[PDB]
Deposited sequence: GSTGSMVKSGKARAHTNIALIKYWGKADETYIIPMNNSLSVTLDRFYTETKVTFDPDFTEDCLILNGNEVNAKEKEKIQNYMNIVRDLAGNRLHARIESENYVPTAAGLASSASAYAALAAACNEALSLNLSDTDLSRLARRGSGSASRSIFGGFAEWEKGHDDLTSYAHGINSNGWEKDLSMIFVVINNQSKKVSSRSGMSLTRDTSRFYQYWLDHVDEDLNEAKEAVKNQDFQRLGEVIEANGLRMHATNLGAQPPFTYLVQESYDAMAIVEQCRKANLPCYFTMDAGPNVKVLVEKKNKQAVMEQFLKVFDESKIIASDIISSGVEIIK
């Protein structure tokens, strides 16, 4: 198509091992602390953008279907950022597929915005650095900043739009030895929940006082390829993030009894020499970090209690966002 510029990208979801939770800046999505994550091989979003001078506004088609006017308006504002960045006024048709178990509660924002950013950079030929790609994705969703990268990644909080972005952490191939089990188990949205907590939680300072120590400990753990050291700090970090919500005004939780059951089975696996550690995000699902060599053994412990359909593993991918057909 002569007057038409398109680009399609595939970006993979990532789970935070050290949590992003609370913004310093609501408009530009600058976080109150750094976060560390691992990018999952099995779950991803494919997003294609097609820019046409004769397009009157941006259109979003998701999983084969028109989105409502609310999502339409939201995506148009985001694309304004893109147009501003490219110095054009081209509108786009955006066709995205989420290969993420969203019905099952898995988040799609990270992969969604990371795929969109990359797709736009490819379509418009902006030649953005990974850094600028991460920055553009961050404007859409904080955790999207990390999905530009594979393996371990860290989002550096910074102090403004220029300085807040993620980068990949080389772990000497360690990500290749690791896996994650997902225990599948309206909700307050991540953005809304973290805002209430950051603004009002009586336990939020306590979170702030320990996160840098956690991050450093975890980073040193990764350098050492020390799984136990990594798991213990990340599990504690996770629980601390949920603690902060308990302190909110008024309190709330994302966890339910079943989540706690899942946690018990992880600790059971530890005492029985199957090392693994758990984490939870903005919902009751429990994610179990385990070494690949133990994925199966640990999975079968869970399959004693939970339906087979609700136990889902993914490996950690080494490569970052990719341009596709």
item: Regions of the deposited sequence not represented in the model; value: 1-3, 189-192
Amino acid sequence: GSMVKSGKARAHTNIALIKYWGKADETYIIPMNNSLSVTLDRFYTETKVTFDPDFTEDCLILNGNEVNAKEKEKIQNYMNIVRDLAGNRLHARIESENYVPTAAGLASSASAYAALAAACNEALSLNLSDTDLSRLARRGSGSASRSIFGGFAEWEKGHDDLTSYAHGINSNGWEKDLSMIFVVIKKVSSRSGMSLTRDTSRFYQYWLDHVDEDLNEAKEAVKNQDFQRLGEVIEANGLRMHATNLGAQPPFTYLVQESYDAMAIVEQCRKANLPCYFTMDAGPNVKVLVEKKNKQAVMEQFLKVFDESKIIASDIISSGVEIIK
From here on, numbers count along this sequence of modelled residues.
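By rigid core we mean the largest C-alpha set that fits within 1.5 Å across both forms.
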| item | value |
| --- | --- |
| Higher-deviation segment by CA RMS in 4 other deposited structures of this protein, core fitted, 96-104 or 127-135 | 96-104 |
| Stretch departing more from the displayed form, 70-78 or 161-169, Cα RMS in 4 other deposited structures of this protein (core fit) | 70-78 |
| Unmodelled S111 in at least one third of other entries with both flanks present | no |
| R198 coordinate gap across at least a third of other entries | no |
| Per the entry, higher mean C-alpha B factor between 235-243 and 172-180 | 172-180 |
| Residue range whose averaged C-alpha B-factor is higher in the record, 106-114 or 85-93 | 85-93 |
| Peak C-alpha temperature factor (PDB record), options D199, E156, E73, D132 | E73 |
| C-alpha B-factor winner, where the candidates are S143, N77, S164, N121 | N77 |
| Record-listed C-alpha B factor of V211: chain third | middle |
| Among modelled residues of the same chain, the CA temperature factor third for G320 | lowest |
| Third assignment of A221 from its chain's C-alpha B-factors | highest |
| Chain third (lowest, middle, highest) by recorded CA B-factor, residue given as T39 | lowest |
| Entry-reported Cα temperature factor of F227, expressed as the chain third it lands in | highest |
